[PDB]
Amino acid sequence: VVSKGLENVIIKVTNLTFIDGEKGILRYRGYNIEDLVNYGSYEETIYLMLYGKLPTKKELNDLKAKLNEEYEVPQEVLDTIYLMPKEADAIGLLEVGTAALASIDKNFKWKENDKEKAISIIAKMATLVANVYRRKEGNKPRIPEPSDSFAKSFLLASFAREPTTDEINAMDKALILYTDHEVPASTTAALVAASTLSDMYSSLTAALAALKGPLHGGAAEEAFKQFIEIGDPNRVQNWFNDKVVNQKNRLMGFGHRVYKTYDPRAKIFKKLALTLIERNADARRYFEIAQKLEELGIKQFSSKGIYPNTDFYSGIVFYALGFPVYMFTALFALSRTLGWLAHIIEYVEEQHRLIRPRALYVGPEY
């Protein structure tokens, strides 16, 4: 008898992420996310995830130097992306890019130096995401160059404009907030690839393969698309009364299968939206719309334990830095790449078992 969706099945133990949905607490190796965003950066979160402890000043410096040495990608990886249609789905192009890398990285060996490898993949993930954007906007490639931070190099490479401090911060916290959460289908499929001892690019490919589906990718998009549909802050009430109240639909970006309280990263994402809305007028138009909705939603649903989740405001942040709605999932993927690599290493390094489930034959035997 089928264990439907694997819902009640534990695929692995993890030392990586802990979520308390009663309280609304998210931790990475024991540290609350709020401490990480309040005092740290993406770089220190990478170190934590991969190596287990907070890095020394010299240990963090060393990570940062590896990252600076690894943004480059063989030209063939950029050429392939540019052979695909400009109109192609961002996640589909990420797929091709990661599959290409897989294929060029002949001579990889599990357990030799996994952590360093992962660091070089994070650096190259930045390069593809930047160029996936550029390629869909018709621009020539641009490769992240060394800088004081990973958020800065990525933004530099994307837009070719000197980002403001607030922009560097928004993108850096963004990266930490989405690093890991649960084991959705993208992590599962990565875990499945990795249990056959496949390379890390191939597991990311498989993770990206699952993320392309609409039941996994598009969360931020769909939430964000509500605001566009509203258009004007003055139309929120009629929209909410109609759609929500008496037609009984969902508030996309509300609710959660673990959180019974505000999502800890929705709190942080909103705050970052406030720091960037001054500069983009569309971004500010959607924040006022989104902020009117949230008050209407909390009055309506908090009594049933339904709160704004992380996708209600992360789109406004991304939109406010200049990324088009078609890149939200790919920005999620950039960030989630850290989580996925940690799960894979962790799996293969401490609790390796090939994955071979079973199907039950039904219908006639002869």
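Numbering starts at 1 and follows the sequence shown.
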Can you tell me which stretch has the higher mean Cα B-factor, 179-187 or 70-78? 70-78
Using only C-alpha atoms and the B-factors in the entry, which stretch averages higher, 35-43 or 55-63? 55-63
Check the PDB entry and point out which of 158, 203, 147, 280 has the largest C-alpha temperature factor. 280
Quick one: which of 223, 245, 207, 128 shows the highest Cα temperature factor in the PDB entry? 245
Per the entry's values, where does residue 300 land by CA temperature factor relative to the rest of its chain, in the lowest, middle or highest third? highest
Quick one: classify residue 271 as lowest, middle or highest third of the chain based on its Cα B-factor. middle
How does residue 231 rank on Cα B-factor within its chain, lowest, middle or highest third? middle
Check where residue 25 lands among this chain's C-alpha B-factors and tell me if it's the lowest, middle or highest third. highest
Based on the deposited C-alpha B factors for this chain, I'd like to know if residue 138 is in the lowest, middle or highest third. highest
